[PDB]
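Residue numbers (the entry's author numbering), protein chains in the order written: chain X3, 2 to 24; chain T3, 2 to 72; chain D3, 1 to 83; chain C3, 1 to 129; chain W3, 59 to 276; chain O3, 2 to 99; chain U3, 2 to 209; chain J5, 2 to 130; chain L3, 2 to 84.
A virtual CB, placed ideally from N, CA and C, is assigned to each residue, including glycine.
See below for the structure under consideration.
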RNA sequence: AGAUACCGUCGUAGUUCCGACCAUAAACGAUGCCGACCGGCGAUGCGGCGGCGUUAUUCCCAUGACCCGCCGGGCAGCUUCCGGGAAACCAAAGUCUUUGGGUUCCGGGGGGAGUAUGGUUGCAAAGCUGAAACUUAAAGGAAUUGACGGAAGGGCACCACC
Ligand SMILES: [Zn+2]
């Protein structure tokens with residue numbers, strides 16, 4: 002679905018920001 | 002829906018100098034990153050040795066094994 | 001509309017409306033020629049002659065066919081009586 | 001107990017009563033024999049189904065002329081009813097109502113005809129919203 | 059042969075109206091096709107623009123009806139364009155011609171801008187459109203030939219229009235539209251109030267008046 | 002596309018109208034879109050009216066009506082069969098049914 | 002419209018009109034129809050200029066008489082009020098009347114159970130005698146309609162502003178119109194009453 | 002608001018000619034507009050018009066005639082160096098045989114054929130045909 | 002074709018248009034006189050008043066501005082449109 | 001079957017209030033602003049105007065409430081081939097090859113993507129600005145015929161039931 006896709010990709014970014022705390 | 006004025010020649014001009022970039026037939030041919038990723042240096046041809054000989058299949062509608070080379 | 005010698009090389013001269021001077025086309029079908037008889041104005045009997053009119057197919061669709069026959073008839077001395 | 005007689009029977013019967021309306025009657029048995037004489041009916045059964053509609057259709061015509069057939073003895077009845085002529089009643093013999101502004105149209109026409117005057121200008125009721 | 063069902067056909071079979079002019083002035087409908095063939099059987103050269111098969115779905119085998127585009131012309135001042143559909147390409151191609159003859163309309167040929175010799179082009183910039191196809195006709199000098207796609211290069215030619223520039227709108231692939239438009243434009247020559255015109259016309263007793271004395275015959 | 006020029010709403014020239022809960026499933030529809038009904042009914046419906054006349058103390062009694070204003074959500078409405086789909090030309094007319 | 006004792010408006014004719022209420026129209030005015038409405042009284046119904054009716058009813062007469070052959074004009078009525086009248090008009094003139102339901106396509110569709118090509122339509126009512134007003138576009142047909150104060154004036158050449166709801170009003174003018182189209186061709190000296198009364202053209206159920 | 006007061010007047014008659022009216026009124030007036038319509042009237046494209054006067058602006062009434070096909074306006078007011086004039090009257094006109102384009106000029110407002118004889122140029126106003 | 006004169010319309014159609022949309026615009030008001038109840042010093046007063054007026058000949062109010070037209074306290078002689 | 005779902009009894013955050021952040025929604029009329037013109041009609045809101053009767057008062061009178069119309073500016077409606085459009089539809093989505101009233105923003109086949117990075121605002125959630133490599137011959141809008149519906153409306157059949 003169009004929106005739930007936008008939730009995954011918004012969730013997925015927070016993974017990417019969080020693994021710059023590690024460096 | 003237009004400028005169409007008589008002292009507006011700059012706005013009709015700095016608009017088209019801006020909206021040309023969305024013509025992918027022009028963005029490719031005028032941006033340095035498009036030619037850079039070309040394995041040719043923009044050349045017509047390019048020599049090079051053969052380092053193996055491999056075959057590759059065909060898409061779904063019709064089957065075959067097209068022959069190729071890893072130059 | 002002419003020639004080198006001035007001859008009128010043309011198939012015909014199409015009829016023209018009597019309220020808008022528009023050209024009734026060769027394949028229009030709502031456009032009509034109409035005839036209004038005369039009377040000798042001494043006995044009322046049909047005096048032979050005819051009054052010709054035309055209306056383009058656009059007018060009749062707009063409903064102004066009669067309002068244009070009327071104004072043409074008042075000007076040409078067919079109806080002269082006022083309100 | 002009975003069926004819809006298809007367009008074969010309905011069309012065949014309506015012409016018979018339209019062509020021999022005087023030689024027909026009320027009773028089926030009379031009509032069965034008549035139809036055979038005046039029509040070449042291919043089948044015994046349908047002749048008794050055509051004669052069935054004819055006697056049913058005559059029971060119709062004696063009860064107010066209907067919209068199917070043309071009967072000369074019934075048509076001449078209409079023309080006497082459509083050409084009737086009494087002494088004129090369209091003329092509206094003397095004084096006949098005219099509304100107050102109607103005579104003003106007439107006096108603008110310059111007619112001195114005689115008629116009635118009412119008063120109606122006070123408006124008290126008209127169309128509904 | 060040909061006994062008519064129209065007053066015009068009654069008046070036409072007997073030689074009493076001579077040309078399509080007198081039929082076109084009063085814009086009388088053409089209800090039979092034999093009328094034109096009596097006037098214009100010679101040089102009415104047939105052609106087949108396309109035969110497009112169209113298919114309508116059904117619970118049973120998907121049905122197929124063919125379409126026939128036929129234009130008719132004379133290179134002297136008339137053009138037609140007929141269409142038809144039927145379940146056999148022999149009758150569709152036969153029926154298209156008859157419907158093409160009925161739709162025959164007169165075309166006016168003018169000069170580029172120098173006024174010596176025979177007319178050779180469209181009088182002025184005419185246009186038309188059906189289904190977004192917009193065929194413009196732009197006057198051209200003598201002796202250039204027609205410039206257009208092969209489809210309307212024919213419609214214009216059958217008119218005798220020797221030299222006509224043109225310019226077309228997008229989506230011309232469908233001959234049902236691109237031919238219809240270029241036919242619509244050439245009909246639109248006798249629809250301009252040109253300054254060459256404006257001479258008052260005198261209505262001249264449409265054939266039904268002058269020829270009613272015989273036309274009450276039975 | 003556009004099935005209805007009204008979008009199904011009765012809102013023209015304003016912002017948003019207050020939403021009224023459905024009077025079956027409690028779905029929150031705005032007061033415009035909802036299908037409103039106003040049913041007046043005797044409390045003593047006809048299957049028993051005369052059986053009450055026999056047992057009535059008073060000589061003249063009228064058995065007062067009952068007044069409830071029902072609002073239906075679109076989904077709760079079609080299913081209960083108040084309304085139905087209609088043909089794209091008969092869709093236009095808005096006069097209440099006879 | 003004219004300068005005659007027999008062409009201009011006569012007291013005898015005006016008494017006919019006011020008798021059958023031709024002057025009362027309806028409650029609505031169509032913007033093409035303003036030029037034939039005198040005033041509106043206070044109950045809300047329109048009064049027609051009976052003189053203006055005369056010009057048009059004389060103009061329409063001058064249209065019909067110009068037609069060379071009487072059969073060439075098809076007079077058409079599709080309301081039960083004037084069905085009998087239009088039969089009478091063809092009887093006293095020589096027209097080809099059309100009463101009853103208008104078979105759609107009697108002027109088109111060559112291969113027709115009923116087919117005519119006339120040169121002039123005469124329709125009782127522009128609203129309910131609908132189709133011939135529209136089939137008078139696919140072939141070149143002039144039109145003559147007894148237009149009310151509410152009827153559309155589309156596809157009509159001559160508009161006779163009159164009341165046409167009542168039976169008396171329509172029956173009158175078919176007798177009236179027939180009288181004018183006949184006279185200009187010759188039946189009497191024009192200095193006589195025409196020996197047929199309007200009641201012949203009036204609507205009437207069997208009532209003894 | 003109103004900017005090109007020539008443009009609005011021409012669209013007011015063009016929309017009124019399309020319908021088929023005989024007379025049309027335009028709201029503002031100017032020498033630029035009066036000297037405009039006179040160019041048409043000097044060719045017979047329109048009838049004979051009147052110029053209502055006020056203290057405020059003036060409002061022209063025109064007696065239209067069924068002879069003009071379209072009466073456009075061209076803005077902004079360009080230039081015509083008499084070498085571009087043949088380009089303009091080929092991408093803005095129906096044909097060379099008829100139709101004229103009017104362009105203002107140091108010797109008054111005049112249609113292009115006047116410009117060729119007086120051998121001058123100047124800014125452009127509009128066109129008709 | 003709805004061809005009607007915009008130059009010479011009836012003096013009664015001109016009241017069927019706005020104050021501005023007429024042929025030549027003119028105000029809908031009219032200057033009126035008033036006889037100042039109880040005294041004979043006759044003063045001018047504008048029909049569409051937006052201010053009261055007080056009379057030394059009355060010591061009571063004369064015109065009362067309500068809406069877009071005045072209402073006079075007591076009837077008086079009212080000349081009009083001498084302008 | 002699974003049901004960490006629909007269903008039902010509980011129940012934290014939350015819902016409401018005062019003081020600050022956030023600046024996003026199919027925030028929709030999916031339809032920029034201002035200005036002009038081209039059809040009718042019956043009503044609706046507000047203002048002023050002309051009106052004959054009634055009703056509130058004992059008095060036109062001040063004024064309401066009804067009843068008939070006009071004018072301006074609104075929310076909207078019905079109808080028409082003015083005219084547009086791919087068409088559904090539109091008095092604007094009209095005045096558009098017969099193109100030019102003035103002006104702002106913005107789109108160039110679909111996907112990768114509103115992703116990576118860089119700048120910037122934010123307490124956080126996030127918002128604004130925002131690519132390419134590569135991949136693909138079609139993605140996509142409106143109508144037309146069928147098929148299909150655990151979609152409604154009629155009706156028939158013991159290869160259907162009662
Ligand atoms: Zn619900």
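Please confirm if the stretch 110-129 of chain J5 is in contact with the stretch 31-40 of chain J5, defined as three or more CB-CB distances below 8 Å between the two stretches. Touching, per the Cβ criterion.
Are the CB atoms of residue 179 (chain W3) and residue 242 (chain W3) within a distance shorter than 8 Å? Not in contact: residue 242 (chain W3) and residue 179 (chain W3) (Cβ atoms no closer than 8 Å).
By the 8 Å beta-carbon criterion, what residues does the stretch 189-208 of chain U3 contribute toward chain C3? Per Cβ criterion, the list reads 198, 199, 200, 201, 203, 205 and 207.
Mind checking whether residue 19 (chain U3) and residue 95 (chain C3) have CB atoms under 8 Å apart? In this structure, residue 95 (chain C3) does not lie closer than 8 Å to residue 19 (chain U3) by Cβ.
Endpoints, beta strand (DSSP E) assigned at residue 41 (chain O3): Following the DSSP letters along the chain, one finds residue 41 (chain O3) inside the beta strand (DSSP E) bounded by residues 36-43.
Can a CB atom of chain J5 be found closer than 8 Å to the CB of residue 252 (chain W3)? It does; some Cβ of chain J5 falls within 8 Å.
Taking only heavy atoms of ligand 1 into account, decide whether any of them is closer than 7 Å to the Cβ of residue 23 (chain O3). Because some heavy atom of ligand 1 lies under 7 Å away, the Cβ of residue 23 (chain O3) counts as near it: yes.
Just the chain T3 side, please: which residues come within less than 8 Å of residue 77 (chain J5) by C-beta, in chain order? 5, 6 and 7, listed in chain order.
Would you call residue 1 (chain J5) buried or exposed, if buried means 16 or more other Cβ atoms sit within 10 Å of its Cβ? Any property of residue 1 (chain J5) remains undetermined from this structure, which presents chain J5 solely from 2 to 130.
Does any C-beta atom of chain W3 lie closer than 8 Å to the C-beta of residue 120 (chain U3)? At least one chain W3 Cβ lies under 8 Å of residue 120 (chain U3).
Partners in chain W3 for residue 49 (chain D3), counting only beta-carbon separations shorter than 8 Å: Chain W3 residues near residue 49 (chain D3): none, gap ~12 Å exceeds 8 Å.
Do the stretch 169-177 of chain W3 and the stretch 4-12 of chain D3 touch if we need at least three Cβ pairs shorter than 8 Å? Touching, yes.
Anything in the stretch 84-96 of chain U3 with a Cβ closer than 8 Å to a Cβ of chain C3? List those residues in chain order, please. Those would be 85 and 88, in chain order.
Between the Cα of residue 49 (chain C3) and those of 19 (chain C3), 75 (chain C3) and 12 (chain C3), spot the shortest distance and give me the residue it belongs to. Closest by C-alpha distance to residue 49 (chain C3), out of 19 (chain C3), 75 (chain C3) and 12 (chain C3), is 12 (chain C3).
Could I get the ranges of all uninterrupted beta strand (DSSP E) runs contained in the stretch 33-109 of chain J5, with 3 residues as the minimum, in chain order? Assignment of beta strand (DSSP E) within the stretch 33-109 of chain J5, counting only whole runs of 3 or more residues, yields 51-53, 60-64, 72-74 and 101-104 in chain order.
In chain order, what residues of the same chain have a beta carbon less than 6 Å from the beta carbon of residue 71 (chain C3), not counting five sequence neighbours either side? 21, listed in sequence order.
For residue 188 (chain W3), which residues in the same chain have their Cβ closer than 8 Å to its Cβ, ignoring the five residues on either side in sequence? Only 235, 238, 239 and 242 meet the Cβ criterion.
Given 7 Å as the limit, tell me if residue 74 (chain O3) has its C-beta closer than that to any heavy atom belonging to ligand 1. Correct: residue 74 (chain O3) has its Cβ closer than 7 Å to ligand 1.
In the DSSP assignment, find the beta strand (DSSP E) that holds residue 94 (chain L3) and state where it starts and stops. As shown, chain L3 starts at 2 and ends at 84. That puts residue 94 (chain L3) outside it, with no answer to give.
Kindly list, in the order they appear in chain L3, the residues whose Cβ is closer than 7 Å to that of residue 22 (chain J5). What residue 22 (chain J5) touches in chain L3: 2, 3 and 4.
Please give the ranges of any alpha helix (DSSP H) in the stretch 17-76 of chain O3, keeping only runs that are unbroken, at least 4 residues long and fully inside the region. Within the stretch 17-76 of chain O3, the complete alpha helix (DSSP H) runs of at least 4 residues are 50-55.
Can you look up residue 184 (chain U3) in the DSSP assignment and give me helix, strand or coil? Looking at residue 184 (chain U3) - three-state DSSP - the assignment turns out to be helix.
Give a yes or no on whether the minimum CB-CB distance between residue 39 (chain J5) and chain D3 is below 8 Å. Answer no: the Cβ-Cβ gap between residue 39 (chain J5) and chain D3 never drops below 8 Å.
Beta-carbon separation (whole angstroms), residue 52 (chain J5) vs residue 30 (chain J5), contact threshold 8 Å: Indeed they touch by this definition, with Cβ atoms about 6 Å apart.
Looking at the structure shown, is residue 206 (chain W3) part of a helix, part of a strand, or coil, going by DSSP? Here residue 206 (chain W3) sits in coil by DSSP.
Mind reading off the beta-carbon distance from residue 204 (chain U3) to residue 172 (chain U3)? Whole number of angstroms is fine, and I expect it under 8 Å. Right, their Cβ atoms sit about 6 Å apart.
How should residue 34 (chain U3) be labelled, buried or exposed, when 16 other C-beta atoms within 10 angstroms of its C-beta is the threshold for buried? The residue in question, residue 34 (chain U3), is buried, as its Cβ has 16 or more Cβ neighbours within 10 Å.
Any contact of the stretch 151-164 of chain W3 with the stretch 204-212 of chain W3, i.e. 3+ C-beta pairs under 8 Å? Cβ pair count under 8 Å is below three, so no.
Would the stretch 125-136 of chain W3 count as touching the stretch 91-109 of chain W3 if we require 3 or more Cβ pairs under 8 Å? Counting Cβ pairs under 8 Å, three or more are found: they touch.
Taking a cut of 8 Å between CB atoms, which residues from the stretch 65-77 of chain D3 lie near chain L3? For the stretch 65-77 of chain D3, which is checked against every Cβ of chain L3, the residues closer than 8 Å are 67, 68 and 71.
Taking just the CA atoms, how far does residue 47 (chain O3) sit from residue 66 (chain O3)? Straight-line Cα distance between these residues: approximately 12 Å.
Start and end residues, alpha helix (DSSP H) containing residue 240 (chain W3): Secondary structure note for residue 240 (chain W3): its alpha helix (DSSP H) is the uninterrupted segment 233-245.
Report yes if the C-beta of residue 60 (chain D3) is less than 7 Å from at least one heavy atom of ligand 1; otherwise report no. No - ligand 1 has no heavy atom lying nearer than 7 Å to the Cβ of residue 60 (chain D3).
Based on DSSP bridge pairs, tell me the residues matched to residue 71 (chain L3). Per DSSP, 66 (chain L3).
Please report whether the beta-carbon of residue 81 (chain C3) lies at a distance below 8 Å from any beta-carbon of chain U3. Chain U3 contact via Cβ: present.
C-beta atoms of residue 28 (chain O3) and residue 74 (chain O3) nearer than 8 Å: Yes, they are a contact pair.
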